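Colleague: Let me begin by handing over the structure; questions about it come next.
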Amino acid sequence: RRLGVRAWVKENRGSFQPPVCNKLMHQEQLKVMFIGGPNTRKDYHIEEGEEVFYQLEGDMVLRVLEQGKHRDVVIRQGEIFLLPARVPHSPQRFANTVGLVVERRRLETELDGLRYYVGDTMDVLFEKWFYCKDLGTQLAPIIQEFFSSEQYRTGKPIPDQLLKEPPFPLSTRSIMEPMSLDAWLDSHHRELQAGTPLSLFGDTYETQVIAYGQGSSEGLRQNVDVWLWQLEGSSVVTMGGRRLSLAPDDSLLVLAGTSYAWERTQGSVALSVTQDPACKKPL
Ligand SMILES: [Zn+2]
């Protein structure tokens with residue numbers, strides 16, 4: 001069950017380049033995916049859940065539509081960033097890079113969208129909305145459809161092929177600045193090692209990425225998955241009658257409906273990643 005993150009990336013190296021630049025490490029309630037390049041594109045993904053971006057190897061550019069403006073969000077190696085719900089985003093990836101993206105299984109009620117815009121404007125050229133189960137797989141025919149369309153050929157939209165309005169309001173939020181994960185962890189070393197687990201992004205998001213130093217934790221049975229990633233030092237997770245030693249860079253997925261006990265050593269640093277749909281933000 002324990003997976004060394006860079007060891008898993010090495011074993012699956014060939015997956016992080018064209019034609020399919022991604023491989024899911026975990027694919028149940030929590031989608032833990034690793035993506036490579038090159039992949040330069042104009043499609044904008046829209047979803048009701050949030051997306052955690054971390055650059056393991058090399059840099060990437062996340063193009064976003066923020067408060068009526070086009071913005072390029074540069075995410076450098078070692079940087080972490082959280083995208084809120086319903087923000088249109090277009091990830092740009094380069095050769096020999098590896099990024100981690102964390103997203104969640106959609107609720108039966110949630111719709112995903114894919115949009116292409118007219119030139120550099122906010123006018124929609126082409127769009128398709130769908131119920132997402134396996135994103136990359138469902139996106140491929142929509143993209144092929146776009147490249148075969150009158151819309152792509154002419155650069156002009158077909159009004160009858162556009163929705164009157166999106167199925168939900170698009171985000172009105174200001175987009176955060178990506179931050180160095182290591183710099184953030186070192187700056188909060190005193191609070192972390194005093195036994196205070198800390199949320200990287202706070203309570204205004206559904207997602208909870210929490211940093212832990214030395215201490216004890218009890219994981220209760222939840223209807224959501226939890227991904228643990230040991231960054232520095234070691235810890236021990238007691239789960240399903242087994243004691244699993246997490247060495248530096250080891251990760252463990254705690255499946256929904258499983259309880260655990262976590263014992264972290266002095267000077268150790270680890271993360272937990274949770275995207276509980278019950279924590280979805282209103283408005
Ligand atoms: Zn996305």
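Identifiers in the structure tokens: chain A, B, ... in order shown; residue index from 1 per chain; ligand index from 1 in order shown.
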To check your reading of the model: which residues sit at most 9 Å from ligand 1 when counting only C-alpha atoms and all ligand atoms? Write the answer as a list in words.

Modeller: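 The neighbouring residues of ligand 1 are, in order, residues 44, 45, 46, 47, 49, 50, 51, 83, 87, 88, 89, 90, 91, 101, 103, 112 and 135 of chain A.
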
Colleague: Pick out each residue of stretch 35-234 of chain A that DSSP on the backbone tags as alpha helix (DSSP H); I need them as a VMD selection string.

Modeller: chain A and resid 135 to 148 150 to 154 181 to 187 189 to 193

Colleague: Emit the selected residues as a compact mmCIF listing (two decimals), in the first residue's frame, including N, CA, C and O atoms.

Modeller:
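Here's the written file out_9.txt:
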```txt
# COMPACT_ATOMS: atom_id res chain seq x y z
N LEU A 135 -12.25 11.91 -16.64
CA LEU A 135 -11.98 13.18 -17.32
C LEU A 135 -11.17 13.10 -18.63
O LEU A 135 -11.73 13.43 -19.67
N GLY A 136 -9.88 12.71 -18.59
CA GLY A 136 -9.03 12.62 -19.78
C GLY A 136 -9.68 11.87 -20.93
O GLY A 136 -9.66 12.32 -22.08
N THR A 137 -10.34 10.74 -20.60
CA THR A 137 -11.05 9.86 -21.53
C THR A 137 -12.26 10.55 -22.15
O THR A 137 -12.50 10.39 -23.34
N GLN A 138 -13.04 11.32 -21.35
CA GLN A 138 -14.23 12.03 -21.85
C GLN A 138 -13.85 13.30 -22.61
O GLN A 138 -14.57 13.71 -23.53
N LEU A 139 -12.71 13.92 -22.24
CA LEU A 139 -12.21 15.12 -22.91
C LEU A 139 -11.72 14.88 -24.33
O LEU A 139 -11.98 15.71 -25.20
N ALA A 140 -11.01 13.75 -24.58
CA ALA A 140 -10.44 13.42 -25.89
C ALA A 140 -11.46 13.54 -27.07
O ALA A 140 -11.18 14.31 -28.00
N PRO A 141 -12.67 12.92 -27.02
CA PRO A 141 -13.61 13.09 -28.15
C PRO A 141 -14.17 14.51 -28.30
O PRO A 141 -14.49 14.92 -29.43
N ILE A 142 -14.29 15.27 -27.17
CA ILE A 142 -14.79 16.65 -27.21
C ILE A 142 -13.78 17.54 -27.98
O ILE A 142 -14.18 18.37 -28.80
N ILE A 143 -12.48 17.35 -27.69
CA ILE A 143 -11.37 18.06 -28.33
C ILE A 143 -11.32 17.76 -29.84
O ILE A 143 -11.23 18.69 -30.65
N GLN A 144 -11.40 16.46 -30.20
CA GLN A 144 -11.43 15.98 -31.59
C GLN A 144 -12.65 16.58 -32.31
O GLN A 144 -12.52 17.03 -33.45
N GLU A 145 -13.82 16.66 -31.61
CA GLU A 145 -15.04 17.26 -32.14
C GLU A 145 -14.79 18.73 -32.43
O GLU A 145 -15.15 19.21 -33.51
N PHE A 146 -14.15 19.43 -31.47
CA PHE A 146 -13.82 20.85 -31.67
C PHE A 146 -12.93 21.05 -32.89
O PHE A 146 -13.27 21.89 -33.71
N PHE A 147 -11.85 20.27 -33.04
CA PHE A 147 -10.92 20.43 -34.16
C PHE A 147 -11.53 20.05 -35.52
O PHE A 147 -10.98 20.42 -36.56
N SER A 148 -12.70 19.40 -35.52
CA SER A 148 -13.43 19.02 -36.73
C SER A 148 -14.59 19.98 -37.03
O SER A 148 -15.23 19.86 -38.08
N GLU A 150 -17.02 23.59 -37.53
CA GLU A 150 -17.14 24.82 -38.33
C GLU A 150 -16.56 25.96 -37.47
O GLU A 150 -15.88 26.84 -38.00
N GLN A 151 -16.78 25.89 -36.13
CA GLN A 151 -16.29 26.86 -35.14
C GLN A 151 -14.76 26.99 -35.18
O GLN A 151 -14.26 28.11 -35.20
N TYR A 152 -14.04 25.87 -35.22
CA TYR A 152 -12.58 25.89 -35.31
C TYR A 152 -12.13 26.40 -36.68
O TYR A 152 -11.23 27.25 -36.75
N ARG A 153 -12.75 25.89 -37.75
CA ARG A 153 -12.41 26.27 -39.12
C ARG A 153 -12.59 27.78 -39.38
O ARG A 153 -11.70 28.41 -39.96
N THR A 154 -13.70 28.36 -38.91
CA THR A 154 -14.02 29.78 -39.14
C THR A 154 -13.60 30.74 -38.01
O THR A 154 -13.46 31.94 -38.26
N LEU A 181 6.36 25.12 -1.45
CA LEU A 181 5.91 24.20 -0.39
C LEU A 181 6.97 24.11 0.74
O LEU A 181 6.64 24.28 1.92
N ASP A 182 8.22 23.88 0.36
CA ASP A 182 9.32 23.80 1.32
C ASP A 182 9.51 25.09 2.10
O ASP A 182 9.74 25.02 3.31
N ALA A 183 9.41 26.26 1.43
CA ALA A 183 9.57 27.55 2.12
C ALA A 183 8.48 27.75 3.14
O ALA A 183 8.77 28.24 4.24
N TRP A 184 7.24 27.34 2.81
CA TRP A 184 6.10 27.49 3.71
C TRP A 184 6.29 26.59 4.92
O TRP A 184 6.12 27.04 6.05
N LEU A 185 6.68 25.32 4.69
CA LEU A 185 6.91 24.35 5.75
C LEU A 185 8.00 24.79 6.72
O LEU A 185 7.78 24.73 7.94
N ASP A 186 9.14 25.29 6.20
CA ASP A 186 10.23 25.78 7.06
C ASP A 186 9.81 27.00 7.86
O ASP A 186 10.12 27.06 9.05
N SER A 187 9.07 27.96 7.24
CA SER A 187 8.61 29.18 7.92
C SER A 187 7.67 28.86 9.10
O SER A 187 7.60 29.64 10.05
N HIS A 189 7.88 25.90 10.93
CA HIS A 189 8.48 24.78 11.67
C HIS A 189 8.15 24.77 13.17
O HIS A 189 7.86 23.71 13.72
N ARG A 190 8.17 25.95 13.83
CA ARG A 190 7.91 26.05 15.27
C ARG A 190 6.49 25.64 15.65
O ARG A 190 6.34 24.83 16.56
N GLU A 191 5.47 26.13 14.93
CA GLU A 191 4.09 25.75 15.20
C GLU A 191 3.88 24.25 14.89
O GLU A 191 3.26 23.54 15.68
N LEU A 192 4.44 23.77 13.76
CA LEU A 192 4.35 22.37 13.35
C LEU A 192 4.96 21.42 14.38
O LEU A 192 4.34 20.41 14.73
N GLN A 193 6.15 21.76 14.90
CA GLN A 193 6.81 20.88 15.85
C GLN A 193 6.27 21.07 17.29
O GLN A 193 6.58 20.25 18.15
```

Colleague: Quick one: of A:272, A:113, A:246, A:266, who's nearest to residue A:227, counting only C-alpha atoms?

Modeller: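 Among the listed residues, the smallest separation from residue A:227 belongs to A:272.
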
Colleague: Could you find all residues in stretch 72-206 of chain A that DSSP calls strand (DSSP E) from the backbone, and write them as an MDAnalysis selection string?

Modeller: chainID A and resid 72:75 79:83 89:92 98:104 112:117 124:130 179:180 198:199

Colleague: Name all residues at most 10 Å from stretch 274-281 of chain A (count only C-alpha atoms; drop same-chain ones fewer than 6 positions away) and give them as a PyMOL selection string.

Modeller: chain A and resi 29-31+48-52+84-85+102-107+203-210+222-228

Colleague: Could you write those residues out with N, CA and C atoms, as a compact mmCIF listing (two decimals), in the first residue's frame?

Modeller:
```txt
# COMPACT_ATOMS: atom_id res chain seq x y z
N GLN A 29 -12.48 8.01 -4.60
CA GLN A 29 -13.10 9.27 -4.21
C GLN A 29 -12.14 10.43 -4.46
N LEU A 30 -10.85 10.23 -4.16
CA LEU A 30 -9.77 11.20 -4.36
C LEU A 30 -8.97 10.82 -5.61
N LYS A 31 -8.91 11.73 -6.59
CA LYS A 31 -8.15 11.51 -7.82
C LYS A 31 -6.76 12.12 -7.62
N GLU A 48 -17.10 21.67 -10.62
CA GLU A 48 -17.69 22.09 -9.34
C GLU A 48 -16.80 21.78 -8.14
N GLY A 49 -15.76 20.99 -8.36
CA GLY A 49 -14.78 20.68 -7.33
C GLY A 49 -13.58 21.58 -7.50
N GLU A 50 -12.62 21.47 -6.56
CA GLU A 50 -11.38 22.26 -6.59
C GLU A 50 -10.22 21.43 -7.11
N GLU A 51 -9.11 22.09 -7.50
CA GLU A 51 -7.94 21.36 -7.99
C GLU A 51 -6.66 21.83 -7.32
N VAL A 52 -5.95 20.89 -6.69
CA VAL A 52 -4.63 21.14 -6.06
C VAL A 52 -3.57 20.88 -7.13
N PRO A 84 -9.87 27.34 -6.76
CA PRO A 84 -11.23 27.16 -6.23
C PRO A 84 -12.20 26.59 -7.28
N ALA A 85 -13.41 26.24 -6.83
CA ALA A 85 -14.46 25.71 -7.68
C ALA A 85 -14.88 26.70 -8.76
N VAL A 102 -4.51 17.07 -7.69
CA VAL A 102 -5.48 16.39 -6.84
C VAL A 102 -6.86 16.99 -7.08
N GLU A 103 -7.81 16.13 -7.44
CA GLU A 103 -9.21 16.49 -7.62
C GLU A 103 -10.08 15.35 -7.11
N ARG A 104 -11.41 15.51 -7.09
CA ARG A 104 -12.26 14.49 -6.50
C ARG A 104 -13.32 13.96 -7.44
N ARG A 105 -13.86 12.80 -7.07
CA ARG A 105 -14.99 12.21 -7.76
C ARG A 105 -16.13 13.24 -7.65
N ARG A 106 -16.86 13.44 -8.76
CA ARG A 106 -17.96 14.39 -8.79
C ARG A 106 -19.19 13.80 -8.17
N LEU A 107 -20.02 14.66 -7.60
CA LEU A 107 -21.34 14.26 -7.12
C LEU A 107 -22.17 14.03 -8.39
N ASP A 203 -9.82 28.01 5.73
CA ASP A 203 -11.22 27.59 5.72
C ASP A 203 -12.11 28.15 4.59
N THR A 204 -11.58 28.98 3.67
CA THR A 204 -12.42 29.50 2.57
C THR A 204 -12.44 28.52 1.37
N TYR A 205 -11.86 27.33 1.52
CA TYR A 205 -11.84 26.32 0.46
C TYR A 205 -12.43 25.00 0.94
N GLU A 206 -12.96 24.20 0.00
CA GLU A 206 -13.46 22.85 0.27
C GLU A 206 -12.27 21.97 0.67
N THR A 207 -11.21 21.99 -0.15
CA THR A 207 -10.00 21.19 0.01
C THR A 207 -9.33 21.51 1.32
N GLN A 208 -8.78 20.49 1.95
CA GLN A 208 -7.95 20.69 3.12
C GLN A 208 -6.61 19.99 2.90
N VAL A 209 -5.55 20.78 2.73
CA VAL A 209 -4.18 20.26 2.66
C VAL A 209 -3.61 20.65 4.02
N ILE A 210 -3.33 19.65 4.87
CA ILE A 210 -2.83 19.94 6.21
C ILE A 210 -1.41 19.42 6.40
N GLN A 222 -14.53 7.60 7.30
CA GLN A 222 -15.16 8.70 6.56
C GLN A 222 -15.64 8.19 5.20
N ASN A 223 -16.61 8.88 4.57
CA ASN A 223 -17.04 8.51 3.23
C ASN A 223 -16.15 9.16 2.15
N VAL A 224 -14.96 9.64 2.55
CA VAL A 224 -13.98 10.29 1.66
C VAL A 224 -12.60 9.64 1.82
N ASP A 225 -11.77 9.68 0.78
CA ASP A 225 -10.42 9.15 0.87
C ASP A 225 -9.52 10.21 1.47
N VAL A 226 -8.41 9.80 2.08
CA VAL A 226 -7.41 10.74 2.60
C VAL A 226 -6.05 10.29 2.07
N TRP A 227 -5.30 11.21 1.44
CA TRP A 227 -3.96 10.89 0.94
C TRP A 227 -2.90 11.49 1.87
N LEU A 228 -2.04 10.63 2.43
CA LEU A 228 -0.94 11.02 3.32
C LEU A 228 0.36 11.00 2.55
```

Colleague: When you look at residue A:16 with a cut-off of 10 Å (counting only C-alpha atoms), what residues show up, excluding the ones that are within fewer than 6 positions of it in the same chain? I need them as a ChimeraX atom specification.

Modeller: /A:9,22-23,34-38,95-99

Colleague: Suppose you want the space between atom CA of residue A:270 and atom CA of residue A:213; what is it in Å?

Modeller: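 Separating atom CA of residue A:270 from atom CA of residue A:213 is a distance of 6.7 Å.
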